[PDB]
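Throughout, a chain's letter reflects where its sequence line sits, starting with A, and its residues are numbered from 1.
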Protein chains: 2
Amino acid sequence: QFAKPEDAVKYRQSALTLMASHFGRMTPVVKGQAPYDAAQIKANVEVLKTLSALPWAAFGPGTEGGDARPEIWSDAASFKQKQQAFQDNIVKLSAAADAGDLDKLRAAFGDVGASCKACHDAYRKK
Amino acid sequence: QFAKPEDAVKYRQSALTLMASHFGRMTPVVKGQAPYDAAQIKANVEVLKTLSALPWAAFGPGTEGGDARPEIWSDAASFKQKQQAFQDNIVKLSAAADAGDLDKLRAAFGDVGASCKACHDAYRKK
Ligand code: HEC
Ligand code: HEC
């Protein structure tokens, strides 16, 4: 699916756009500004789970480009920790949505958000 | 998540890009050019299933734009049939991948591909 580096770039941007939409639409609920519908949120976090595993296979060897920093590949073990923290947090968000527990949801949502930003601070260009 | 029409456009393009990648990478397998790995294909068709439900909620009222034809909204019942045919075909592709049946996979893959194109012929701009 990633014939050239541009194809991997275009795939991972698309996946990261979809993840931002499915994460970011739950903001009103975790803040108390919109009623919590546990079944709907459970569905939507399942969508987000599926999508949040996708981008990483498109940052394989030789796919420099976009707004990806070179350090993604020159510090691969460190990038891998930033990716694993974020995927670990998604596991937590899934556990809270599957349980129907809003306070755990909100806490796990908070951990997700911060891991998004921690990876951006270190590996996404301005 | 779709504050302005541009946001819906950007979401649905992204979802449709991801679907094209997960559909199109199975071409070598259904044609016999790559060995069939039933478990891997089963996983990948589950990804494709999730993604293939996403675009349609972003063609709601007032989201004209991109390469979407206006007839999507002026002939909504007809567009809805083109969407349902395609989602019906995804159900078939899932049934074949979940069964591990390559000939049914290949046939259902063929129906999917054609529904993609039938909707494009009628509702995607040149
Ligand atoms: C590294 C481990 C990351 C994690 C975790 C998250 N993101 Fe990120 N993001 C990352 C990179 C390297 C890039 C640039 C990719 C490129 O090749 O251009 C991005 C980009 C985005 C974008 C822009 C997508 C686009 O349309 O170009 C968005 C909207 C985005 N990231 C959001 C986002 C969110 C919401 C995350 C947590 C849920 C998240 N990312 C995690 C690296 C990493
Ligand atoms: C209507 C019922 C459609 C079906 C079924 C499929 N697609 Fe399509 N596609 C459709 C529209 C109206 C558009 C234009 C959207 C816009 O607002 O610009 C598209 C676009 C695509 C694209 C381009 C995405 C982008 O990056 O801009 C691709 C790659 C694409 N469609 C592929 C595709 C495949 C592979 C399908 C079957 C698996 C499929 N689409 C179905 C309408 C419809």
Is there a side-chain contact between A:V47 and B:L51 in this structure, where contact means two heavy atoms from C-beta onward sitting under 4.5 Å apart?
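Sidechains of B:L51 and A:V47: no contact.
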Flag side-chain contact, heavy atom, 4.5 Å: A:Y11 against B:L18
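Sidechains of B:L18 and A:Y11: in contact.
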So, taking the atom named CG in A:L48 and the one named OG1 in B:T50, what distance separates them when rounded to the nearest 0.5 Å?
11.5 Å
Taking it one step at a time, do B:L54 and A:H22 satisfy side-chain contact (heavy atoms from CB on, under 4.5 Å)?
CA-CA 11 Å; B:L54 310 188; A:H22 286 272; 4.2 Å; yes
